[PDB]
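Participant: Residue numbers (the authors' numbering), protein chains in the order written: chain A, 1 to 174, 185 to 420; chain B, 1 to 174, 186 to 419. Note that the Cβ used here is the ideal one computed from N, Cα and C, for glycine as well.
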């Protein structure tokens with residue numbers, strides 16, 4: 001959103017949390033969390049999650065829109081308060097193909113997103129395809145981005161075009187804090203590639219550049235933002251119309267989010283942390299169900315989750331450790347959150363629902379909430395929350411959204 | 001303390017947290033929590049815990065003093081910053097016995113506390129003994145308090161006497188205390204104390220126990236309703252005393268603050284401290300199940316459950332009858348009857364086996380977020396480590412933090 005960024009550029013401490021999750025409960029929580037505020041909610045898909053072929057979620061951009069809208073309707077959240085975004089749009093998942101074929105799919109990808117009413121468009125053709133040199137000449141990155149912007153602008157209706165915002169650049173190094191001269195060079199070459207295609211107006215719609223401010227996580231480690239080390243970057247962006255977008259901002263302290271927004275990292279992408287919180291809720295509720303529910307009725311859902319992930323290891327296998335118990339500890343507790351790819355699995359969905367139905371039929375003792383969901387227990391104590399399983403899950407996800415809101419709001 | 005209450009009577013928002021626990025770890029947490037402040041720490045025992053005959057702890061009041069002091073020495077807590085008190089001192093343990101046998105036990109109980117340097121003394125002889133009318137006449141309750149106070153006075157040094165504070169009354173009903192019944196309790200105690208020659212000792216009565224509308228049981232908390240305790244709050248302003256409130260466990264930090272404001276200046280906590288300790292133990296046992304090799308696991312939880320099922324005297328009258336229900340009560344009830352089992356030999360050793368296993372291992376961040384999320388947030392902000400002992404300490408500090416919010 002242009003107005004929010006303009007308020008930031010005029011010196012207001014304000015940022016936006018970009019929700020990068022396809023999980024329906026996470027999207028429900030994101031929308032519910034702001035139901036009674038006036039803030040816009042930003043939800044973004046990656047070209048892998050959703051594209052013209054359905055990505056891996058079986059959703060086209062049009063599908064994803066209606067999916068989010070249907071959740072919004074159920075919540076009571078006005079569809080117009082929703083910003084939809086495309087993350088890392090470009091040849092990303094057609095990387096193994098030659099330039100022509102990957103760039104043909106990328107053009108139709110950008111067009112699919114734009115036609116579906118996605119207004120925030122991240123253009124990223126920094127990856128080398130088959131036959132390409134490694135790495136790309138920075139001029140080649142820019143040119144390919146201009147081709148993608150040209151495609152967006154050409155399918156846009158007049159109304160959509162004026163509302164389109166472009167993000168450029170990538171967090172991927174060609185943790186290493188981005189050099190100001192590389193960010194400068196990324197802008198300069200995008201400028202030049204845009205002008206070479208007559209994209210003079212579209213260039214004023216490039217609102218953000220992606221940099222690495224010094225944040226990351228892997229399995230059991232967080233790289234905490236160090237403001238002193240990002241001051242050069244922070245200062246460079248001030249003499250532009252743009253803000254920074256930061257990726258992989260998950261698991262930072264609420265102080266860091268505030269510092270980040272102060273230092274002009276005003277669009278903060280979150281994802282794993284949201285489903286990580288959801289998963290902690292499900293695990294907590296499953297432990298509760300194991301003791302509270304009669305043995306013939308228990309869902310067995312933790313055993314189901316584990317079995318599925320062990321037999322279809324493809325989404326986790328390249329991330330986790332080899333030792334057997336180490337792999338289970340990772341499957342369960344890694345900040346990386348590779349479990350997020352398995353919630354759609356039919357066995358997992360069925361057993362989690364069985365669990366939910368079971369727990370909705372009985373009052374959960376307060377002491378079990380204190381044990382397994384302590385922060386929810388305290389909110390129940392203060393009369394702000396009920397012991398309803400669905401609300402306990404929401405609240406778990408809200409706590410992630412609360413950390414961001416502290417950073418992004420006044 | 002008399003100066004704390006004097007500040008309160010002069011209009012300052014100040015309270016004190018009365019820690020009613022015998023657990024060494026909770027006592028250690030209490031002392032370490034105020035290690036760097038200038039606050040006094042109040043630790044109280046009941047007759048059941050500690051008396052002439054050792055109670056159930058196997059500690060006389062003298063033993064309990066050295067036990068607190070030994071913990072204070074390790075923390076680096078100056079012994080002089082500690083206040084030792086006796087809770088519900090009177091014939092509660094020996095109700096089954098005759099009036100005069102239960103009362104002789106009670107005077108020797110109260111003498112032993114005073115001799116051992118306990119400076120805060122709750123006199124409560126409101127229970128009916130064998131041969132008594134149910135309930136006792138308020139005059140009778142008053143009379144027996146005067147007897148116990150006389151016994152406390154009869155043994156103090158000049159120094160100890162100058163320092164001796166009394167509390168009177170009880171929370172146990174004969186629903187929020189009628190101002191009238193509170194006034195009647197005070198009035199009768201004054202008359203009985205005076206009649207016993209105890210006019211000077213009367214000036215040393217610092218508090219009366221009432222019910223301000225705070226309670227818990229297994230899975231329910233009755234939350235303090237400030238507007239319902241306003242009549243009580245305005246009555247005590249006229250008197251030389253403050254209120255002491257019992258069973259304040261599990262309230263909000265804002266209810267604690269409201270309590271002190273409304274002159275419930277002594278707040279008694281106990282089961283919430285050990286409840287928190289038990290949550291840390293249970294979380295660590297789960298972490299141990301997943302991190303430690305099969306041949307080295309403590310079997311902590313299975314030992315606890317077995318021991319509690321086999322020696323069930325401390326919980327049997329509290330918990331439910333159904334077998335699974337009784338397991339859920341044993342684990343999770345806010346009554347925390349498990350607190351009586353920590354000193355058992357099998358439980359102690361399996362808990363220490365667990366701690367030894369866990370101290371050699373690196374606990375993944377993700378597990379602490381799952382099982383100890385508030386501790387994880389502290390680690391996340393770099394104000395705590397993934398050290399098992401420090402994880403138990405922090406669970407107990409959170410209870411203590413809520414009180415400090417209300418009291419300081």
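What in chain B is Cβ-close to residue 263 (chain A), meaning under 7 Å?
Facilitator: In the first chain, the residue the question calls residue 263 (chain A) occupies position 253. Here the neighbours are 391, 392.
Participant: Report the CB separation of residue 345 (chain A) from residue 384 (chain A) in whole angstroms; it is logged as a contact under 8 Å.
Facilitator: Numbered from 1 along the first chain, position 335 holds the residue referred to as residue 345 (chain A). Numbered from 1 along the first chain, position 374 holds the residue referred to as residue 384 (chain A). That belief does not hold up - the Cβ atoms of residue 345 (chain A) and residue 384 (chain A) are roughly 20 Å apart, past 8 Å.
Participant: So within the stretch 264-304 of chain A, which uninterrupted beta strand (DSSP E) runs reach at least 3 residues, ignoring any that extend past its ends?
Facilitator: Counting only runs of 3 or more, we get 275-280.
Participant: Give a yes or no on whether the minimum CB-CB distance between residue 377 (chain A) and chain B is below 8 Å.
Facilitator: As a first step, residue 377 (chain A) is located in the first chain; it is residue number 367 there, counting from the start. Judged by the 8 Å Cβ criterion, residue 377 (chain A) is in contact with chain B.
Participant: By Cβ distance below 6 Å, which residues in the same chain neighbour residue 289 (chain A) in space, the five residues on each side in sequence not counted?
Facilitator: Start at 1 with the first residue of the first chain, and residue 289 (chain A) comes out as number 279. Contacts found: 349.
Participant: Under 8 Å by Cβ, that's how I've got residue 68 (chain A) and residue 107 (chain A) pegged, so tell me the actual separation to the nearest angstrom.
Facilitator: Taking the first residue of the first chain as position 1, residue 68 (chain A) is located at position 68. Taking the first residue of the first chain as position 1, residue 107 (chain A) is located at position 107. Not a contact, Cβ separation roughly 24 Å.
Participant: Please classify residue 122 (chain B): does DSSP put it in a helix, a strand, or coil?
Facilitator: Sequence index remark: in the second chain, residue 122 (chain B) carries index 122 (1-based). In the structure shown, residue 122 (chain B) sits in a strand (DSSP, three-state: E or B).
Participant: Where DSSP assigns a beta bridge to residue 45 (chain B), which residues make up the other side?
Facilitator: Against the second chain, residue 45 (chain B) aligns to sequence position 45. According to DSSP, which records beta bridges pairwise, residue 45 (chain B) is partnered with B:86.
Participant: Ends of the alpha helix (DSSP H) at residue 361 (chain A)?
Facilitator: Counted from its first residue, the first chain places residue 361 (chain A) at position 351. Where residue 361 (chain A) is concerned, the enclosing alpha helix (DSSP H) stretches over 356-370.
Participant: Can you tell me where the alpha helix (DSSP H) holding residue 314 (chain B) begins and where it ends?
Facilitator: Counting from 1 along the second chain, the entry for residue 314 (chain B) is found at position 303. Element bounds for residue 314 (chain B): 311-321.
Participant: On the premise that residue 267 (chain B) lies in contact with residue 413 (chain B), defined as a C-beta separation below 8 Å, what is that separation, rounded to the nearest angstrom?
Facilitator: Residue numbering aside, residue 413 (chain B) sits at position 402 when the second chain is read from its first letter. Residue numbering aside, residue 267 (chain B) sits at position 256 when the second chain is read from its first letter. So it is a contact: roughly 6 Å between Cβ atoms.
Participant: Just to check my reading of the structure: residue 116 (chain B) and residue 65 (chain B) have Cβ atoms closer than 8 Å, yes? What is that Cβ distance to the nearest angstrom?
Facilitator: In the second chain, counting from the first residue as 1, residue 116 (chain B) sits at position 116. In the second chain, counting from the first residue as 1, residue 65 (chain B) sits at position 65. Right, the Cβ-Cβ distance comes to about 5 Å (below 8 Å), so this counts as a contact.
Participant: Take the Cβ of residue 305 (chain A) as the centre, count every other Cβ of all protein chains shown within 10 Å, and call the residue buried at 16 or more, exposed below.
Facilitator: For the purposes of this step, residue 305 (chain A) is taken as the residue at position 295 of the first chain. By the neighbour-count rule (16 or more Cβ atoms within 10 Å), residue 305 (chain A) is not buried but exposed.
Participant: Mind pulling the chain A residues with CB within less than 8 Å of residue 337 (chain B)?
Facilitator: In the second chain, residue 337 (chain B) corresponds to position 326, counting from 1. Per Cβ cutoff of 8 Å: no residues; residue 337 (chain B) is ~12 Å from chain A at best.
Participant: DSSP puts residue 17 (chain A) in a beta bridge; with which residues?
Facilitator: On the first chain, position 17 is the one that residue 17 (chain A) refers to. Answer is A:278, bridged to residue 17 (chain A).
Participant: Any Cβ of chain A within less than 8 Å of the Cβ of residue 345 (chain B)?
Facilitator: By 1-based counting over the second chain, the position of residue 345 (chain B) is 334. It does: the Cβ of residue 345 (chain B) has a partner Cβ on chain A nearer than 8 Å.
Participant: Are the CB atoms of residue 54 (chain A) and residue 60 (chain A) nearer to each other than 8 Å?
Facilitator: Taking the first residue of the first chain as 1, we reach residue 54 (chain A) at position 54. Taking the first residue of the first chain as 1, we reach residue 60 (chain A) at position 60. In contact: residue 54 (chain A) and residue 60 (chain A) (Cβ atoms closer than 8 Å).
Participant: Can you list, in chain order, the residues of the stretch 291-302 of chain A whose Cβ is nearer than 9 Å to any Cβ on chain B?
Facilitator: So the list reads 293, 294, 297, 301, 302, given in the order they occur along the chain.
Participant: In terms of alpha-carbon separation, which member of B:78, B:191, B:70 lies closest to residue 37 (chain B)?
Facilitator: Residue 37 (chain B) sits at position 37 when you count from the first residue of the second chain. Nearest option by C-alpha distance: B:78.
Participant: Under the assumption that residue 196 (chain B) contacts residue 169 (chain B) (Cβ atoms under 8 Å), give the Cβ distance between them as a whole number of angstroms.
Facilitator: By 1-based counting over the second chain, the position of residue 196 (chain B) is 185. By 1-based counting over the second chain, the position of residue 169 (chain B) is 169. With 8 Å as the limit, residue 196 (chain B) and residue 169 (chain B) qualify as a contact, their Cβ atoms being about 5 Å apart.
Participant: Got a sec, what are the start and stop residues for the beta strand (DSSP E) residue 174 (chain B) sits in?
Facilitator: Numbered from 1 along the second chain, position 174 holds the residue referred to as residue 174 (chain B). Neither: residue 174 (chain B) is in no beta strand (DSSP E) and is coded neither H nor E.
Participant: Taking residue 334 (chain B) as part of the alpha helix (DSSP H), name the residues at either end of that continuous run.
Facilitator: For the purposes of this step, residue 334 (chain B) is taken as the residue at position 323 of the second chain. 334-343 is the span of the alpha helix (DSSP H), which, as asked, contains residue 334 (chain B).
Participant: Can you tell me the Cβ-Cβ gap for residue 403 (chain A) and residue 291 (chain A), rounded? I've got them flagged as a contact below 8 Å.
Facilitator: For this step, residue 403 (chain A) is matched to residue 393 along the first chain. For this step, residue 291 (chain A) is matched to residue 281 along the first chain. Rounded, the Cβ-Cβ distance is 4 Å, consistent with contact.
Participant: Got a sec? Which residues, its chain only, sit under 7 Å from residue 399 (chain A) by beta carbon, not counting five neighbours each side?
Facilitator: Reading the first chain from its first residue, position 389 is the one you call residue 399 (chain A). Excluding positions up to five away in sequence, the list reads 295, 366, 369, 370.
Participant: Which residues mark the beginning and the end of the alpha helix (DSSP H) in which residue 62 (chain A) is found?
Facilitator: As a working mapping, residue 62 (chain A) is identified with position 62 in the first chain. Unbroken alpha helix (DSSP H) run through residue 62 (chain A): 61-75.
Participant: Along chain B, in chain order, which residues have C-beta atoms closer than 7 Å to that of residue 381 (chain A)?
Facilitator: Numbered from 1 along the first chain, position 371 holds the residue referred to as residue 381 (chain A). Under the 7 Å cutoff, chain B gives 290, 293, 343.
Participant: Using a Cβ cut-off of 8 Å, pull out every chain A residue sitting near residue 232 (chain B), in sequence order please.
Facilitator: In the second chain, counting from the first residue as 1, residue 232 (chain B) sits at position 221. Neighbours of residue 232 (chain B) on chain A, chain order: 376, 391.
Participant: Does any C-beta atom of chain B lie closer than 8 Å to the C-beta of residue 384 (chain A)?
Facilitator: On the first chain, position 374 is the one that residue 384 (chain A) refers to. It does: the Cβ of residue 384 (chain A) has a partner Cβ on chain B nearer than 8 Å.
Participant: Exposed or buried, which one is residue 84 (chain A) when buried takes at least 16 other CB atoms within 10 Å?
Facilitator: The residue you call residue 84 (chain A) lines up with position 84 of the first chain. Residue 84 (chain A) comes out buried.
Participant: Kindly indicate which three-state DSSP category residue 387 (chain B) falls into: helix, strand or coil?
Facilitator: Taking the first residue of the second chain as position 1, residue 387 (chain B) is located at position 376. Helix at residue 387 (chain B).
Participant: Would you say residue 26 (chain B) and residue 34 (chain B) are within 8 Å of each other, going by their C-beta atoms?
Facilitator: Counting from 1 along the second chain, the entry for residue 26 (chain B) is found at position 26. Counting from 1 along the second chain, the entry for residue 34 (chain B) is found at position 34. For residue 26 (chain B) and residue 34 (chain B), no; Cβs fall outside 8 Å.
Participant: For a minimum of 3 consecutive residues, which ranges assigned as the beta strand (DSSP E) are wholly contained in the stretch 101-154 of chain B?
Facilitator: Within the stretch 101-154 of chain B, the complete beta strand (DSSP E) runs of at least 3 residues are 120-123.
Participant: Alpha carbons only, please: which of B:114, B:232, B:2 is nearest the one belonging to residue 86 (chain B)?
Facilitator: As a working note, residue 86 (chain B) is residue 86 in the second chain. Minimum Cα distance to residue 86 (chain B) is reached at B:114.
Participant: Measuring CA to CA, which of A:249, A:136, A:293 is closest to residue 382 (chain A)?
Facilitator: The residue given as residue 382 (chain A) occupies position 372 in the first chain. It is A:293.
Participant: Rounded to the nearest angstrom, what separates residue 39 (chain B) and residue 258 (chain B) at their Cα positions?
Facilitator: By 1-based counting over the second chain, the position of residue 39 (chain B) is 39. By 1-based counting over the second chain, the position of residue 258 (chain B) is 247. When rounded, the distance between both Cα atoms is 22 Å.
Participant: Only counting the same chain, and skipping five residues up and downstream in sequence, which positions put a Cβ closer than 7 Å to that of residue 372 (chain A)?
Facilitator: Within the first chain, numbered from 1, the residue matching residue 372 (chain A) stands at position 362. If we look at residue 372 (chain A) and ignore the five residues flanking it on each side, its Cβ neighbours are 302.
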